[PDB]
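First comes one chain, alone, set out as structure tokens in the form deposited in one PDB entry.
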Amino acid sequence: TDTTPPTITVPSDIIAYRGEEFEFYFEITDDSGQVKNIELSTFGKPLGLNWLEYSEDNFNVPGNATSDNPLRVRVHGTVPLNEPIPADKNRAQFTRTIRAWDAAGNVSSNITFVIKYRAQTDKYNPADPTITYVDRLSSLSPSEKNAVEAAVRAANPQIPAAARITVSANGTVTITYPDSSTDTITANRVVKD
């Protein structure tokens, strides 16, 4: 007779960037080999994360949750592009809980997991462009600005196509990501006389 609830392993470093789909897995095991269902909540209260979704593939099937082959629950979602980021990054997160139960109805305690979220510039780190030679380092021409932007773009296919690259009069590059966070490339990585 099964009187023992499932056990749940959560990922330690769920880090999501605004506006960009994330995914992670829960792993659930039960001594019976079978997990019936799970529930995501805020310590038992409503989850309150309508942009998060998880798959219920293979729920409630014998053998779906053994020590060797745990039930691997795919969770995905997109933190809103305009999600405010608190000044203290330790509060830029969502703390939530998961519980799970077996076919006998033994329910686990609430297990904590944390979704940290960050501005897109915390993900992206622009690579060096090929240097653009300019006539005046203090007053780039329109052609030179075009060349700088093209070189930054060619070096950074990994940056969203939707980010906008601007170039100031002295060759300083600003990259503005879709979520309005930014990176800067100092002119000395960009232009030479």
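Only residues modelled in both forms are compared. Position 1 is the first residue in the sequence shown; the rest follow in order. Here, rigid core means the biggest group of C-alpha atoms that superpose within 1.5 Å across both forms.
- Query: For the C-alpha atoms alone, is the average B factor greater in 76 to 84 or in 107 to 115, going by the entry?
  - Reply: Looking at the record's C-alpha B-factors, the answer is 76 to 84.
- Identify the stretch, either 36 to 44 or 122 to 130, whose C-alpha atoms have the larger mean B-factor according to the entry. Mean C-alpha B-factor is greater for 122 to 130.
- Among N60, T29, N156, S141, single out the one with the highest C-alpha B factor in the record, please. Highest C-alpha B-factor among the listed residues goes to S141.
- Message: Going by the CA temperature factor in the PDB record, which third of the chain does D135 belong to: lowest, middle or highest?
- Response: Highest third - that is where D135 ends up once the chain's C-alpha B-factors are sorted.
- Task: Within this chain's modelled residues, let me know which third the CA B factor of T176 belongs to: lowest, middle or highest.
- Result: Middle third - that is where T176 ends up once the chain's C-alpha B-factors are sorted.
- Message: Quick check for you: using the entry's CA B-factors within this chain, is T9 in the lowest, middle or highest third?
- Response: Lowest third of the chain for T9's C-alpha B-factor.
- Query: Based on the entry's values, in what third of the chain does the Cα temperature factor of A150 lie: lowest, middle or highest?
  - Reply: Middle third - that is where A150 ends up once the chain's C-alpha B-factors are sorted.
- Task: Tell me, lowest, middle or highest third: where does the Cα B factor of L49 rank within its chain?
- Result: It falls in the middle third of the chain.
Below: the form deposited in another entry, not depicted.
- Is it true that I38 shifts between the shown form and the other one by 2 Å or more at the Cα, once the core is aligned? No, the C-alpha moves less than 2 Å.
- Yes/no, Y133 Cα shift of 2 Å or more between the shown form and the other one with rigid core fixed: Result for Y133: yes, a 2 Å-plus shift.
- Message: Aligned on the rigid core, do the two forms place the Cα of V167 2 Å or more apart, comparing between the shown form and the other one?
- Response: Yes, the C-alpha moves 2 Å or more.
- Message: In sequence order, what stretches of at least three consecutive residues shift by 2 Å or more at the Cα level between the shown form and the other one, with the rigid core held as reference?
- Response: Runs moving 2 Å or more: 127 to 148, 166 to 173, 185 to 193.
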